[PDB]
Amino acid sequence: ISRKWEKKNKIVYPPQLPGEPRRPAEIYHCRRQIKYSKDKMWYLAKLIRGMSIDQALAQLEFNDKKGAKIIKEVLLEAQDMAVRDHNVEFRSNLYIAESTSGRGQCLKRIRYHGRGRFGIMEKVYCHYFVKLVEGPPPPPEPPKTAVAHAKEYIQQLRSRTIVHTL
Amino acid sequence: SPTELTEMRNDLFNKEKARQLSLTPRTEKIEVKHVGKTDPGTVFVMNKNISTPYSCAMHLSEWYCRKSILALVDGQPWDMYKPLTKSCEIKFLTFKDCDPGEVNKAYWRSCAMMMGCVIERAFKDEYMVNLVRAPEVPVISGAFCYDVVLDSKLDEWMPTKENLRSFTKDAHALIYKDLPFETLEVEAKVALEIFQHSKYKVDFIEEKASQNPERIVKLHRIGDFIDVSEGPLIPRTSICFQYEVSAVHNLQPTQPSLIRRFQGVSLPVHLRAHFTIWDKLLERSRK
Amino acid sequence: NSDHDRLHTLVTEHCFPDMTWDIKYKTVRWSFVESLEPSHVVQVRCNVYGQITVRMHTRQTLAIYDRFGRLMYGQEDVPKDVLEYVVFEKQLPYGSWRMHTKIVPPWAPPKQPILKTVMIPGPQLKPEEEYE
Amino acid sequence: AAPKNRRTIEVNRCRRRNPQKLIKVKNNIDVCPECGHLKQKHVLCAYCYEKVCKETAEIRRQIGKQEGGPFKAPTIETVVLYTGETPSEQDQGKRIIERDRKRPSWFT
Amino acid sequence: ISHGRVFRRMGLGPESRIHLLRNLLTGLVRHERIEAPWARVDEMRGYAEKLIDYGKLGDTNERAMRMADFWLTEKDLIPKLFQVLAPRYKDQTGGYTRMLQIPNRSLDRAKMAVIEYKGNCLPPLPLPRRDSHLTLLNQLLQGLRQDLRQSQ
Amino acid sequence: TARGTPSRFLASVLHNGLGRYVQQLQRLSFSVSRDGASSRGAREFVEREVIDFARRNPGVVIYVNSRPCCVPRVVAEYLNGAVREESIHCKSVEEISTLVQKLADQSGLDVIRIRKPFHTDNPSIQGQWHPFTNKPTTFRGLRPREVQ
Amino acid sequence: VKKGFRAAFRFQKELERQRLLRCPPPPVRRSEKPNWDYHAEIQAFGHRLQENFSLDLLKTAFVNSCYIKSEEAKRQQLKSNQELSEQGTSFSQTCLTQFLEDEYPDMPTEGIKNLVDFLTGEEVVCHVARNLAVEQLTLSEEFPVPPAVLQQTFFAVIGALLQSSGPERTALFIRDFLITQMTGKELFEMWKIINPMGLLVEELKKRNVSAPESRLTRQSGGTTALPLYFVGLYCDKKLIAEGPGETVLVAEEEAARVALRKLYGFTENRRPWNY
RNA sequence: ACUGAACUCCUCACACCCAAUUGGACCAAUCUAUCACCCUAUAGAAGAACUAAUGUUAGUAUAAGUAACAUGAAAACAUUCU
Ligand SMILES: [Mg+2]
Ligand SMILES: [Mg+2]
Ligand SMILES: [Mg+2]
Ligand SMILES: [Mg+2]
Ligand SMILES: [Mg+2]
Ligand SMILES: [Mg+2]
Ligand SMILES: [Mg+2]
Ligand SMILES: [Mg+2]
Ligand SMILES: [Mg+2]
Ligand SMILES: [Mg+2]
Ligand SMILES: [Zn+2]
C-alpha cells in the first residue's frame, strides 16, 4: 500500500523572507478503507472540487449518497486539524484544491448463480483524499469570448510558414 | 485639474490611514463576544484597531460573511471593514433581519455615494460639477437622492434617457469592479484639508464636527472617490445587484446656484426583485 | 535544529515532551544574547533524585514559524528579557544535571501576543437546550 | 447479447463523466435565520425539526403515562403545561399534560 | 398514459392502498401529527380532510358513523373524531391539515413529510415565515402602495 | 521515428563560420581504469594517441582520470554547454580514435532530426512572393466591376 | 527474488537518472565540478579563439571586483577587471561605430548608436559570452553569472586582447563575434523606434524633400476580418517604398519602416557583410 | 509534351527485403574458474530469453455501477393497526 498523503502534512518549508508573498496553508487529509465504491465516491469528490469549505459542507449535507456523509466527516476533520495544527486563522477560509477517491483493499466473496455456477463478488472499499488550501476558492475559468477566440485564430494564421522550401 | 485633485485627496487619505495605523502599533488582544442570536457565547480575540467585524465573520463562517452587512458593536452600527477599537459585544445585521432599518439606511447611503462617484466622473471635462450632499431620505421615499450643483453652462440642460442609462451603466461598472468601502474616523482638521476645494463639503464637515462632541468625521472611499458619510456604509459595491439612476429633478428654490437632485433606486443581491416589480419601483423612483 | 538526540541527554524525560511536542512541524529560530544579571542558585532538595532551582534573568530572541515558513510568534530581531526559574534534576549514578521543569510564577507578566486572531466557541447547545 | 469488444477507458470516461451523470450543484440551500442552521428552501430545518420531534416525543410519553393503556384516547382537548404554568380560563376542561422542563422559547 | 389519473398506485393494489391510507389516517387521528413518505401523506391528506367533514356531519349521522367506523381502525378514536376534531374545526370550512416536507428519511432517503391536524396541543412545527415587512424590498413596495393609494 | 522524436532546425552555435571557425568541443574527460579488460583499448589510446590528438586540438582541454565510475567513458563538453557522454567500453584503439575525432568535429547541438538540410536567414533577395507580385495594377486602383 | 546483480544495478542507474531529471541539482559553476584546471582552461580559451592573449592580462580580465570582495570576506573568516573592461567597452563601441559607419554611411548617428548599443547590450554579449565559455572562466561571487557581470567580463577579455595583440586583431575579433550577431536581424528589430512615419518625415526634411504622400496601392478583402492593404509612400508621384498590413494604418506605418530602411541603406537585400 | 517505381543514373555507403529447411556472425541474463575487485573481461556450464497453446496461477479491467437483491404501517419504540 501507499501512505504518501499522510506524509504530505509533515513537510516543513523554509521560513519565508519578509519581502515574500504569504504562502497559503495546505492541509492534506484522508479516510482509508471506506465501504463504498470508488466509482460512486468519484462523483462526490468531483462535485466538491474547487469549492470553499463551507460551500462543500453545505452541498454534502443535502446529498442523498452514502459517501456524502463520509466526505463531510473527512472535511470537518480536515478543517479542525487545519485550525489546530496548520495555523489556519479562519475556519471558513479554506477551499478544496484536490478531492479524489482511490481504490481500497477489497475482499472477494462468492455469488451463487443458478446452475451450480457462480461469480466472484468484490466487497469494494475506497479511499478518499482531500487537500484544503487556505484562501478564497480560485475563480472559475471564464468562458472564452469570441474576441479572444478569434485572436487565437488570427495568431494561428500568422504562425503559418512556407513549408518544405528554402 | 480634477485628476490632480483626486490624486492629492487620495494621497492625503493614505497619509491619514498610515498615521492612524502607526498611532496604533503592535497587537493588543481585544475580546469581542458574539452576542447574536445564533452561535451565542463565542469569543474572538482580535488585533486592536486592525481586525474588523468582517474578520469576526470570517471566523464564524462564510454564510455570516456573505449575509452580514453591518455590525452592532456595543449597540452601535459599525461598518464591516471599520477596525475594531476595544473589547465589545458584536452582532451582525443582514438585509433580512426582523428590523433591518439600520442595514437599509446603510445600503441607502452607500448607493447614494456610488451615485456621487458616477456623477462626478460622468460629465465632460469642460463642465464643472460640485457634489453638495447626499440628503438622508427614508427608504419609503422610494429613491435615494444625491444633490449636485452643475455648471451654469449646463443649468439649462436636463439629462436625456440615454444619459441616465449611461449613468446606470457606469454604476453597474462600479458594481462589477466590486470595490470595498474604506472608512476613516478623521478629525475635522484633516477632513477639511482633504476637502479644502469643495466649499459644500467643507461646511458639511463643519456641521458634522459641531454635531459630534469632538471633531471626528466619517470619511468614506470607494476608489479614488472620498466623501463625508452621514453614517455607516455597506462593505462592498457588489452588494448592489439592481441599480438605476432614474431621474434628475432640479430643486425649485435655486436663486444662488441650481441644485440638481439625482434620484435613483437599488436593490441588493439578497433582495432581488422580479422584472415587473423592478419596473414599477423604477417608475415610482422618478419623483 | 531539532537535535533530539542531544536534547534527550540535555533535558529530562519529564521535560522532553514539553520541549519538543508543540514545536514539531514548525521551525524555531531561538537565539541567545548576553545575560543581564549573573545566574545564581535559589534552593536545592532531594531512588534518590537531585534537584536544583536556578534563577536566570537573561535576554533572548524568538521567531516561531509555521510548516510553511510564515512567522507566527515573536520578532526574530528584537530581543526580549526573560525571567526564568529553571529546576534541574539529576540521577543518583551516571546521569547529569538536566532541565526538569520551569516554574512560572503567577505574578509573571503575560507572554508575547500572537500575530493571528483566534475564535473561542461558546457552549455548544443541544436541541433541547437554550442559551443563558 | 454479449459485448463484441472491451470498451476503452476513454469511451468509458466520456460516458461516466458526462454532465448528465455528474451530481448537480444544489442552489436552494440557505441558512435558517432562526438558529442559523443550513436548510433547503422548501424543506424544514433539520435541527429545528429535531428539537420539535424530541419535545413531541417527551409530551407523548407523558400522554401515554396519563392514558395508561391502549384504546384510551380522551374525548376532550389536551393542553401542555410546563413548570411555573397554570391552566388558563380556556384551558379549563382539557386534560393537562405536565412537563418537568421550562417552557421552550419556540413553544408558545 | 395516465392523463387525469388522480390516485397514486400504492401498496399491493387498490384494497392495499386503501388500507395503507387508512392506517396513516388512524395514526393521524390518534397523534395529530405523523411522519410518512411524502407521496403517502399527499394521498392521505384528502382523506383526512374528508374525515373532518364527516365528523362535522355529526355523531348521529349513520353514514358519517359508518365512514368513521371503516376509516378508523382503532374505535376509541371515533368519539375523538366526533367530539374533539370536528368541534375544533366547526368554524373552518377546510384546510384542516398542515403538510410540510421534512428532511429525507435516513434509512432509504425517501422524500418525507409531516402532516398534522391544525390546532393540536403539540409543539408548533418550524413553519416557513415570509420576509419581514421592514426589509428594503418590502419597504419600497409599501412606498408604492401608499403612493398608489394617495394618487388613486 | 520522426513523430516520436524531437526535431530542430539546421543551425550553428554562434554563426561559427562567418568570421572565423571556432571548434565547439572544449573539454574531453577520459575516465579509464588501470585494471580491467573493458578499458584496455582506452589505455592503449591514452598511451599512443591522446597526446597527438591533444596537440592537434589545442583548444580542447583533455583530462585523463585513471579512475572511472561504472564504465570507462569519454565526456565531451561543448562551448554551447552540451555534454555528450560516450562509453568507451571494450572499444579498440581505432574505434576510440574515430569516436574522439567525431566528438571533436561535431558541434554541441543535439543529434536529432533536422527539419531542413539548409538554413538561410535571408531566403529572399528579390522579395518573397506575395499574391500581388505578378499582378498588374489598374488605373486609379479600381477593383473589378467598380463603377467609378 | 531472482539471483543476480546486474539487472538490479541497471534499475538503480535508471532510477538515479530519472531522479536527476525530476529534481536536478542546483546549478554549480564548472570550476567546482571534477576535471577542472584553470590554467589549462584559460590557455585553451585563447587557442580556441585563435588569439595570442597574454596570460596575465586574461587572468586579470576574468576576475571581477565582486569576486575579490567575496574572497576577502571569506579570508577574514588581485587586480580586478574594471580597467580592462572599461578599455574594452570603449574600444568596442568606437570600433563598432567605425564598422557600422563604413558599412552604412547613410545611417544616422542615432541609428548607429542604437545598433552599437544593441550589439554591446546585456542580452547579445551575454549570449556570446555564454557560448564562448567566458562564464566558465569568470570568477564571480554568485552563480549563474549575472548578465551584467558576464558582459563586463567579456569586454574585459576584449580589452586584454587589445593590450595583447593590438587594434587590428581586436577589430577582427569584434567583427567575428559581435558584428555577426546582426546577421538575419532587421534594422528595427535591433533599433526600436516609434512613429516611423514621423521619423521618415524628419529625414526627408533633412534632405529638403516634401512630406511623402501615403497612397493605397493594392487592397484585398477590405470588408473582411483578414484584409490586406498595400500602402505606398510617394515623393513627387514617385514610389519610394510600399508596405503591407492588416489595416491601412499598419500598412502605412510599415511602409514608412520600409522607406526608412531604404534611405538608410539597411535593406534586406543589401550587400552582405564582408569577412 | 509532361507526369510516372524500390528500374537506371547521380553524392555517399553497402552482408543489411522469400515459406519449410539449411550455413554462419553475434548475443541478454544466470552460475563456476580466474580476473575485475565499479557493476567488467577471458573461458567452462546451463531449468539460458515468450505479442500467441479456449496455456497454469495471481492481479485488475470490460460488460457495469449494469442484471439482480431487500424492510407491511404509525407510534410513546410500551403498543396498536392492516
Ligand atoms: Mg445447487
Ligand atoms: Mg410498489
Ligand atoms: Mg521519379
Ligand atoms: Mg537497384
Ligand atoms: Mg526455458
Ligand atoms: Mg510475460
Ligand atoms: Mg497466454
Ligand atoms: Mg464498475
Ligand atoms: Mg446495458
Ligand atoms: Mg432491475
Ligand atoms: Zn433552524
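Heavy atoms only: backbone and side chains are in, while hydrogens, waters and symmetry mates are out. Every chain is numbered from 1 and lettered A, B, ... according to where its sequence line falls, protein lines coming before strand lines.
- The same atom, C1', is picked in H:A61 and in H:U66; the two are 15 Å apart, to the nearest Å.
- A donor N or O paired with an acceptor N or O is found under 3.5 Å between the base of H:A76 and the side-chain atoms of E:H31.
- Rounded to a whole angstrom, the distance from the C1' atom of H:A15 to that of H:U11 is 22 Å.
- The gap from the P atom of H:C10 to that of H:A19 amounts to 32 Å, rounded to the nearest Å.
- In this structure, D:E77 does not pair ionically with D:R95, as no charged nitrogen and carboxylate oxygen lie closer than 4.0 Å.
- F:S33 has a side-chain polar atom (N or O) that falls below the 4.0 Å cut-off from OP1 or OP2 of H:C37.
- When distances run from any side-chain atom of G:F5 to the nucleotides H:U80, H:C39, H:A76, the shortest one goes to H:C39.
- Taking only side-chain atoms of E:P37, from C-beta outward, the nucleotide of H:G65, H:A74, H:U80 with the closest atom is H:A74.
- Among the nucleotides H:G65, H:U62, H:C81, the one closest to any side-chain atom of D:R6 is H:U62.
- G:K33 and F:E77 are not joined by a salt bridge, as no carboxylate oxygen comes within less than 4.0 angstrom of a charged side-chain nitrogen.
- H:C77: sugar pucker south (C1'-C2'-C3'-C4' torsion negative).
- Rounded to an integer number of Å, the gap from D:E55 CD to H:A76 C1' is 13 Å.
- For the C1' atoms, the distance linking H:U40 with H:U30 amounts to 16 Å, nearest Å.
- Pucker assignment for H:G47 gives south. The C1'-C2'-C3'-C4' angle has a negative sign.
- Of the side-chain N and O atoms in D:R7, none sit less than 4.0 angstrom from OP1 or OP2 of H:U62.
- Between D:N12 and H:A63 there is a side-chain polar atom (N or O) within less than 4.0 angstrom of OP1 or OP2.
- If you check H:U82, H:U80, H:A74 against the side chain of E:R105, the one that comes closest is H:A74.
- Considering OG of F:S38 and NE2 of F:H89, their distance stands at 6.0 Å, rounded to 0.5 Å.
- Atom CD1 of E:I34 and atom CZ of E:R40 lie 13.5 Å apart (nearest 0.5 Å).
- Distance from the side chain of A:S37 is smallest to H:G65 among H:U40, H:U79, H:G65.
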What pairs of nitrogen or oxygen atoms, one from the protein and one from nucleotides 69-72 of chain H, lie under 3.5 Å apart?
| unit_1 | atom_1 | unit_2 | atom_2 | d |
| --- | --- | --- | --- | --- |
| H:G72 | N2 | E:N23 | ND2 | 3.3 |

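- D:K65 has no side-chain polar atom (N or O) that falls below the 4.0 Å cut-off from OP1 or OP2 of H:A78.
- Residue A:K108 places no side-chain N or O under 4.0 Å from the OP1 or OP2 atom of H:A58.
- For the pair E:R17 CZ and H:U82 P, the interatomic distance rounds to 18 Å; values are reported in whole Å.
- H:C9 and H:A25 have their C1' atoms separated by 34 Å, given to the nearest Å.
- Distances shorter than 4.0 Å separate some side-chain N or O of G:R6 from OP1 or OP2 on H:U40.
- The torsion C1'-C2'-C3'-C4' is the criterion here, and for H:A6 it is negative, giving a south pucker.
- Taking the side chain to side chain contact (heavy atoms under 4.5 Å, CB included) definition, one finds that F:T120 meets it with A:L166, F:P123, sequence neighbours left out.
- Considering only side-chain atoms of E:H19, the nucleotide from H:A75, H:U82, H:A41 that sits closest is H:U82.
- With values rounded to the nearest 0.5 angstrom, D:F107 atom CZ is found 8.0 Å from E:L122 atom CG.
- Distance CD1 (D:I9) to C1' (H:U60): 12 Å, rounded to an integer number of Å.
- What separates CZ of F:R73 from P of H:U40 is a distance of 13 Å, to the nearest Å.
- The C1'-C2'-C3'-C4' torsion of H:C10 is positive, so its sugar falls on the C3'-endo, or north, side.
- Taking every side-chain heavy atom of E:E74 into account, H:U80 is the closest of H:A36, H:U80, H:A74.
- G:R10 has its CZ atom 8 Å from the P atom of H:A29, to the nearest Å.
- Here H:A76 is in the syn range [glycosidic angle within 90° of 0].
- With respect to D:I63, the side-chain contact (heavy atoms from CB on, under 4.5 Å) criterion is satisfied by exactly one of D:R61, D:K65, D:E67: D:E67.
- The separation between A:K123 atom NZ and H:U60 atom P is 16 Å, rounded to whole Å.
- In summary, the aromatic rings of A:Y112 and A:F118 are positioned with their centroids too far apart to meet the 6.0 Å limit.
- Of all nucleotides listed (H:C39, H:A61, H:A64), H:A64 comes nearest to the side chain of D:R15.
- Donor-acceptor pairing under 3.5 Å is lacking for the side chains of E:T97 and E:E116.
- Of the side-chain N and O atoms in A:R103, one or more sit less than 4.0 angstrom from OP1 or OP2 of H:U60.
- Using P as the reference atom, H:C35 and H:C39 are 15 Å apart when rounded to the nearest Å.
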*Report the secondary structure of RNA chain H in dot-bracket form, marking unpaired bases with a dot and bases paired to a different strand with |, and treating Watson-Crick or G-U pairs with both distances under 3.5 Å as paired.*
.............................(((((......)))))..........................(((....))).
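- Distance CD (D:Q62) to P (H:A75): 19 Å, rounded to an integer number of Å.
- A salt bridge is defined here as a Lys NZ or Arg NE, NH1 or NH2 lying under 4.0 Å from an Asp or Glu carboxylate O, and D:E85 with D:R103 meets this definition.
- Between E:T73 and D:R60, the residue anchored nearer the 5' end of RNA chain H, judged by the nucleotide with its closest heavy atom, is D:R60.
- Distance D:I63 CD1 to H:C77 P: 13 Å, rounded to the nearest Å.
- Between D:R16 and H:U62 there is a side-chain N or O to OP1 or OP2 distance below 4.0 Å.
- For the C1' atoms, the distance from H:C31 to H:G47 is 12 Å, rounded to whole Å.
- Taking the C1' atom of each, H:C14 and H:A6 are spaced 16 Å apart, rounded to whole Å.
- With respect to the salt-bridge test (charged N to carboxylate O, under 4.0 angstrom), the residues A:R31 and A:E73 qualify.
- Aromatic ring centres of A:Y128 and A:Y36 lie farther apart than the 6.0 Å criterion allows.
- Side-chain contact check for A:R115 and A:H113: no donor-acceptor pair (N or O, by modelled atom type) lies under 3.5 Å.
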